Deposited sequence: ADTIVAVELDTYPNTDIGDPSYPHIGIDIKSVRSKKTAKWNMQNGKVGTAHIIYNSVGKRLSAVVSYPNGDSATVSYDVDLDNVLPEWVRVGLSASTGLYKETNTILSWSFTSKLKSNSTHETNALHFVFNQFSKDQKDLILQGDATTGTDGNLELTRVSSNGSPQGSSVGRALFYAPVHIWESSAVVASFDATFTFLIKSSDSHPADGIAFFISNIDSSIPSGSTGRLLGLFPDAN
């Protein structure tokens, strides 16, 4: 299967597959069952920002999600990603809906990777284009004329569809670690707008790092967030 490291913004508690009983942010290391989670108050219709940070020295993957009123949730997990990820990867954003739904709109996304022994890759999207040639769109993900990336399906009356899954990966492979590097670090930021009129929103948005040839696993809508073939 694919190899997956992901930071999940989990809006729907599936407390039978390891979720806590409450919306959360979690650090996923090769399993949808987060190694680490923190309670997250999602603010319906508000623009949130997620920051993800890691370096090979501290060996701590950290993430924080916040809203303009200052409320925020943070989670960190100690892990040496040299022993998890392949040397070359692709980086992306993933989202899904299931029986409940939400918009999974990305307003911006930036990523930086550095190997210092410097080699580096940095991209910033503050506005997306209709035909975004440096993005690989998988599943239901589209870019529009409003400058945003819709990861899951939306009807032309701006209503989110259910049972939807979509991804956006940066076109170029990324050299995420190299043995001779004294420092391998990466950081990513994205802003998002999750809006729902359901009685509960679902299922969430994730930033993920995968094998270069990663594709949406069969049957990964809903609680699997377009990342994992199963809940193991």
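Unmodelled region of the deposited chain sequence (numbering from residue 1): 118-122 only.
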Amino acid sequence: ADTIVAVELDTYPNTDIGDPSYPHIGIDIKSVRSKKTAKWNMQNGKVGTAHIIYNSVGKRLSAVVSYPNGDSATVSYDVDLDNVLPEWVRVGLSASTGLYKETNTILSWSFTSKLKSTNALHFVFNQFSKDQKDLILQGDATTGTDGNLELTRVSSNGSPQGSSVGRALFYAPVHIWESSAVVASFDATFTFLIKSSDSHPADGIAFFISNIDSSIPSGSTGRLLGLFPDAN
From here on, numbers count along this sequence of modelled residues.
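In the comparison with other entries of the same protein, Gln132 is given coordinates in all of those covering both sides of it, so it never reaches the one-third threshold. Gaps at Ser117 occur in at least a third of the other compared entries of the protein that contain both adjacent residues. The mean Cα B-factor in the deposited entry runs higher for 32-40 than for the other of 32-40 and 47-55. Relative to its counterpart among 199-207 and 184-192, 199-207 has the higher mean temperature factor, C-alpha atoms as listed in the PDB entry. The PDB entry assigns its highest CA temperature factor, among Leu135, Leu115, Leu99, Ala73, to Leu99. As recorded in the PDB entry, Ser156 shows the highest C-alpha B-factor of the residues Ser94, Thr103, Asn126, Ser156. For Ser110, the recorded CA B-factor ranks within the lowest third of the chain. Only modelled residues enter the ranking.
When all modelled residues of the chain are sorted by CA temperature factor, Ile4 is found within the middle third. Annotation for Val84: CA B-factor lies in the highest third of the chain's modelled residues. When the CA B factors of the chain's modelled residues are split into thirds, the value for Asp78 lands in the middle one. Sorting the modelled residues of the chain by their CA temperature factor places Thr143 in the middle third.
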